[PDB]
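**Student:** Next comes model03.cif, mmCIF, C-alpha atoms; chains and numbers go by the auth columns:
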data_my_file
#
loop_
_atom_site.group_PDB
_atom_site.id
_atom_site.type_symbol
_atom_site.label_atom_id
_atom_site.label_comp_id
_atom_site.label_asym_id
_atom_site.label_seq_id
_atom_site.Cartn_x
_atom_site.Cartn_y
_atom_site.Cartn_z
_atom_site.B_iso_or_equiv
_atom_site.auth_seq_id
_atom_site.auth_asym_id
ATOM 1 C CA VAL A 1 61.792 15.715 -25.419 0.00 216 A
ATOM 2 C CA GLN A 2 59.995 15.921 -22.099 0.00 217 A
ATOM 3 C CA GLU A 3 58.650 18.853 -20.142 0.00 218 A
ATOM 4 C CA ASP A 4 56.151 19.814 -17.487 0.00 219 A
ATOM 5 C CA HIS A 5 54.610 22.854 -15.844 0.00 220 A
ATOM 6 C CA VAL A 6 53.309 23.357 -12.326 0.00 221 A
ATOM 7 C CA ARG A 7 51.251 26.403 -11.399 0.00 222 A
ATOM 8 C CA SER A 8 50.133 26.627 -7.784 0.00 223 A
ATOM 9 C CA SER A 9 47.878 29.471 -6.698 0.00 224 A
ATOM 10 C CA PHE A 10 46.974 30.127 -3.077 0.00 225 A
ATOM 11 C CA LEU A 11 44.749 33.072 -2.186 0.00 226 A
ATOM 12 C CA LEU A 12 43.666 33.489 1.431 0.00 227 A
ATOM 13 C CA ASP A 13 41.317 36.053 2.959 0.00 228 A
ATOM 14 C CA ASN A 14 40.207 37.123 6.405 0.00 229 A
ATOM 15 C CA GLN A 15 37.943 39.813 7.849 0.00 230 A
ATOM 16 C CA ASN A 16 37.941 39.467 11.633 0.00 231 A
ATOM 17 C CA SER A 17 35.877 42.405 12.861 0.00 232 A
ATOM 18 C CA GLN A 18 34.513 43.160 16.319 0.00 233 A
ATOM 19 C CA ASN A 19 32.239 45.547 18.195 0.00 234 A
ATOM 20 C CA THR A 20 31.615 46.341 21.850 0.00 235 A
ATOM 21 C CA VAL A 21 28.969 48.873 22.903 0.00 236 A
ATOM 22 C CA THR A 22 28.162 49.557 26.551 0.00 237 A
ATOM 23 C CA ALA A 23 25.819 52.051 28.196 0.00 238 A
ATOM 24 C CA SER A 24 25.353 53.106 31.807 0.00 239 A
ATOM 25 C CA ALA A 25 23.142 54.994 34.249 0.00 240 A
ATOM 26 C CA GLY A 26 23.053 55.609 37.972 0.00 241 A
ATOM 27 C CA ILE A 27 20.894 58.644 38.656 0.00 242 A
ATOM 28 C CA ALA A 28 20.570 58.001 42.370 0.00 243 A
ATOM 29 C CA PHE A 29 20.547 60.322 45.308 0.00 244 A
ATOM 30 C CA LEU A 30 17.297 62.258 45.099 0.00 245 A
ATOM 31 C CA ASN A 31 13.648 61.198 44.700 0.00 246 A
ATOM 32 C CA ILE A 32 15.024 57.682 44.123 0.00 247 A
ATOM 33 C CA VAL A 33 17.910 56.777 46.404 0.00 248 A
ATOM 34 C CA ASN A 34 18.995 54.042 43.988 0.00 249 A
ATOM 35 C CA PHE A 35 18.327 52.601 40.564 0.00 250 A
ATOM 36 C CA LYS A 36 20.985 51.607 38.046 0.00 251 A
ATOM 37 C CA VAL A 37 20.827 50.836 34.329 0.00 252 A
ATOM 38 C CA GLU A 38 23.551 49.462 32.059 0.00 253 A
ATOM 39 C CA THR A 39 23.333 47.564 28.781 0.00 254 A
ATOM 40 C CA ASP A 40 26.079 45.560 27.099 0.00 255 A
ATOM 41 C CA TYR A 41 26.554 44.601 23.458 0.00 256 A
ATOM 42 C CA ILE A 42 29.379 42.750 21.712 0.00 257 A
ATOM 43 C CA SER A 43 29.411 41.532 18.117 0.00 258 A
ATOM 44 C CA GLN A 44 32.045 39.525 16.266 0.00 259 A
ATOM 45 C CA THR A 45 32.551 38.542 12.648 0.00 260 A
ATOM 46 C CA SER A 46 35.420 36.397 11.385 0.00 261 A
ATOM 47 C CA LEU A 47 35.240 35.319 7.746 0.00 262 A
ATOM 48 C CA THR A 48 38.136 33.454 6.151 0.00 263 A
ATOM 49 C CA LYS A 49 38.258 32.496 2.486 0.00 264 A
ATOM 50 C CA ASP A 50 41.057 30.531 0.851 0.00 265 A
ATOM 51 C CA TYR B 1 55.616 -17.123 -44.440 0.00 67 B
ATOM 52 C CA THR B 2 57.884 -19.055 -46.786 0.00 68 B
ATOM 53 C CA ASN B 3 61.282 -17.385 -46.439 0.00 69 B
ATOM 54 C CA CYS B 4 59.942 -16.389 -43.126 0.00 70 B
ATOM 55 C CA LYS B 5 61.024 -12.839 -42.395 0.00 71 B
ATOM 56 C CA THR B 6 61.408 -11.107 -39.055 0.00 72 B
ATOM 57 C CA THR B 7 61.643 -7.512 -37.967 0.00 73 B
ATOM 58 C CA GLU B 8 65.154 -6.119 -37.787 0.00 74 B
ATOM 59 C CA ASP B 9 65.185 -5.825 -34.005 0.00 75 B
ATOM 60 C CA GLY B 10 64.077 -9.382 -34.132 0.00 76 B
ATOM 61 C CA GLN B 11 61.120 -9.732 -31.846 0.00 77 B
ATOM 62 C CA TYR B 12 58.387 -10.506 -34.377 0.00 78 B
ATOM 63 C CA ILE B 13 57.764 -12.573 -37.501 0.00 79 B
ATOM 64 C CA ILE B 14 56.255 -10.390 -40.196 0.00 80 B
ATOM 65 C CA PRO B 15 54.850 -12.200 -43.226 0.00 81 B
ATOM 66 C CA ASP B 16 57.096 -11.958 -46.222 0.00 82 B
ATOM 67 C CA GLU B 17 54.747 -9.618 -48.057 0.00 83 B
ATOM 68 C CA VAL B 18 55.213 -6.762 -45.581 0.00 84 B
ATOM 69 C CA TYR B 19 58.112 -4.647 -44.387 0.00 85 B
ATOM 70 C CA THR B 20 58.361 -2.582 -41.228 0.00 86 B
ATOM 71 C CA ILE B 21 59.989 0.721 -40.319 0.00 87 B
ATOM 72 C CA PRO B 22 60.265 1.121 -36.573 0.00 88 B
ATOM 73 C CA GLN B 23 59.718 4.186 -34.361 0.00 89 B
ATOM 74 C CA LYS B 24 57.762 5.890 -31.622 0.00 90 B
ATOM 75 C CA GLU B 25 56.667 7.019 -28.208 0.00 91 B
ATOM 76 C CA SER B 26 54.510 9.798 -26.806 0.00 92 B
ATOM 77 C CA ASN B 27 52.445 10.535 -23.731 0.00 93 B
ATOM 78 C CA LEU B 28 51.228 13.458 -21.677 0.00 94 B
ATOM 79 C CA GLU B 29 49.926 13.853 -18.137 0.00 95 B
ATOM 80 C CA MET B 30 47.989 16.813 -16.804 0.00 96 B
ATOM 81 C CA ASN B 31 45.757 17.551 -13.840 0.00 97 B
ATOM 82 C CA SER B 32 44.253 20.443 -11.904 0.00 98 B
ATOM 83 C CA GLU B 33 43.067 21.368 -8.423 0.00 99 B
ATOM 84 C CA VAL B 34 40.536 23.590 -6.642 0.00 100 B
ATOM 85 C CA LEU B 35 39.881 24.224 -2.934 0.00 101 B
ATOM 86 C CA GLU B 36 37.840 26.543 -0.707 0.00 102 B
ATOM 87 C CA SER B 37 37.043 27.290 2.938 0.00 103 B
ATOM 88 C CA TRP B 38 34.745 29.762 4.732 0.00 104 B
ATOM 89 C CA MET B 39 33.889 30.810 8.310 0.00 105 B
ATOM 90 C CA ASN B 40 31.726 33.192 10.394 0.00 106 B
ATOM 91 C CA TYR B 41 31.091 34.457 13.934 0.00 107 B
ATOM 92 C CA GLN B 42 28.584 35.931 16.376 0.00 108 B
ATOM 93 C CA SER B 43 27.013 38.790 18.384 0.00 109 B
ATOM 94 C CA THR B 44 25.843 39.435 21.958 0.00 110 B
ATOM 95 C CA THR B 45 23.923 41.894 24.141 0.00 111 B
ATOM 96 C CA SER B 46 23.153 42.099 27.860 0.00 112 B
ATOM 97 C CA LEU B 47 21.613 44.616 30.286 0.00 113 B
ATOM 98 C CA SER B 48 21.318 44.176 34.080 0.00 114 B
ATOM 99 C CA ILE B 49 19.392 47.072 35.588 0.00 115 B
ATOM 100 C CA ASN B 50 17.729 48.374 38.644 0.00 116 B
#
Can the structure from this file be put into structure tokens for me?

**Tutor:**
Amino acid sequence: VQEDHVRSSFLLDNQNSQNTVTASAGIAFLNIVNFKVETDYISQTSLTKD
Amino acid sequence: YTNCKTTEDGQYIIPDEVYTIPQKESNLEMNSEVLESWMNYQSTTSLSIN
């Protein structure tokens, strides 16, 4: 009388988020013929769990 | 060991003051498992102005 059990379990996760923020300027004809401002911002987050 | 006996499935020599009654087998294997894995990511800013 022989027997056996197998019980595999496989649970995987992922949370791959992102951000991208940009600003701008460019007030330039009068009292200052030119000055320009722009910022950039990018953020990532990738978290896997198995 | 006078009338020297032997087990029925003759592969031993019991002494003649004992008798045998043959049977068995039994075993059992079992094991387990555990894994993991994690990750992460980044962020960035930049501004080039004037």

**Student:** If we count all atoms listed in the file, what is near segment 226-241 of chain A at a cut-off of 7 Å, once residues fewer than 2 positions away on the same chain are taken out, given as a ChimeraX atom specification?

**Tutor:** /A:224,243,250-265

**Student:** Between atom CA of residue 76 of chain B and atom CA of residue 90 of chain B, what is the distance in Å, rounded to a tenth?

**Tutor:** 16.7 Å

**Student:** Taking only C-alpha atoms into account, find every residue of chain B that has an atom no more than 6 Å from chain A, and write it out as a JSON list (two decimals) with C-alpha atoms, keeping the file's coordinate frame.

**Tutor:**
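Result saved to selection.json:
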[["chain", "number", "residue", "atom", "x", "y", "z"],
["B", 102, "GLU", "CA", 37.84, 26.54, -0.71],
["B", 103, "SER", "CA", 37.04, 27.29, 2.94],
["B", 104, "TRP", "CA", 34.74, 29.76, 4.73],
["B", 105, "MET", "CA", 33.89, 30.81, 8.31],
["B", 106, "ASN", "CA", 31.73, 33.19, 10.39],
["B", 107, "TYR", "CA", 31.09, 34.46, 13.93],
["B", 108, "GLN", "CA", 28.58, 35.93, 16.38],
["B", 109, "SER", "CA", 27.01, 38.79, 18.38],
["B", 110, "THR", "CA", 25.84, 39.44, 21.96],
["B", 111, "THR", "CA", 23.92, 41.89, 24.14],
["B", 112, "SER", "CA", 23.15, 42.10, 27.86],
["B", 113, "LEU", "CA", 21.61, 44.62, 30.29],
["B", 115, "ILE", "CA", 19.39, 47.07, 35.59],
["B", 116, "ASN", "CA", 17.73, 48.37, 38.64]]

**Student:** Once the PyMOL selection byres ((chain B and resi 81) around 12) is applied to the coordinates I shared, what remains selected? I want it as a PDB file with C-alpha atoms, in the frame of the given file.

**Tutor:**
ATOM      1  CA  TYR B  67      55.616 -17.123 -44.440  1.00  0.00           C
ATOM      2  CA  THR B  68      57.884 -19.055 -46.786  1.00  0.00           C
ATOM      3  CA  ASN B  69      61.282 -17.385 -46.439  1.00  0.00           C
ATOM      4  CA  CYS B  70      59.942 -16.389 -43.126  1.00  0.00           C
ATOM      5  CA  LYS B  71      61.024 -12.839 -42.395  1.00  0.00           C
ATOM      6  CA  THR B  72      61.408 -11.107 -39.055  1.00  0.00           C
ATOM      7  CA  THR B  73      61.643  -7.512 -37.967  1.00  0.00           C
ATOM      8  CA  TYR B  78      58.387 -10.506 -34.377  1.00  0.00           C
ATOM      9  CA  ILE B  79      57.764 -12.573 -37.501  1.00  0.00           C
ATOM     10  CA  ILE B  80      56.255 -10.390 -40.196  1.00  0.00           C
ATOM     11  CA  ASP B  82      57.096 -11.958 -46.222  1.00  0.00           C
ATOM     12  CA  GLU B  83      54.747  -9.618 -48.057  1.00  0.00           C
ATOM     13  CA  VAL B  84      55.213  -6.762 -45.581  1.00  0.00           C
ATOM     14  CA  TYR B  85      58.112  -4.647 -44.387  1.00  0.00           C
ATOM     15  CA  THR B  86      58.361  -2.582 -41.228  1.00  0.00           C
TER      16      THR B  86
END

**Student:** Kindly list the centre and edge lengths in Å, rounded to one decimal, for the axis-aligned box that covers all listed atoms of segment 241-255 of chain A plus 6 Å on each of its six sides, as lines of an AutoDock Vina configuration file.

**Tutor:**
center_x = 19.9
center_y = 53.9
center_z = 36.8
size_x = 24.4
size_y = 28.7
size_z = 31.3

**Student:** Enter the distance from atom CA of residue 74 of chain B to atom CA of residue 89 of chain B, in Å, rounded to one decimal.

**Tutor:**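 Those two atoms sit 12.1 Å apart.
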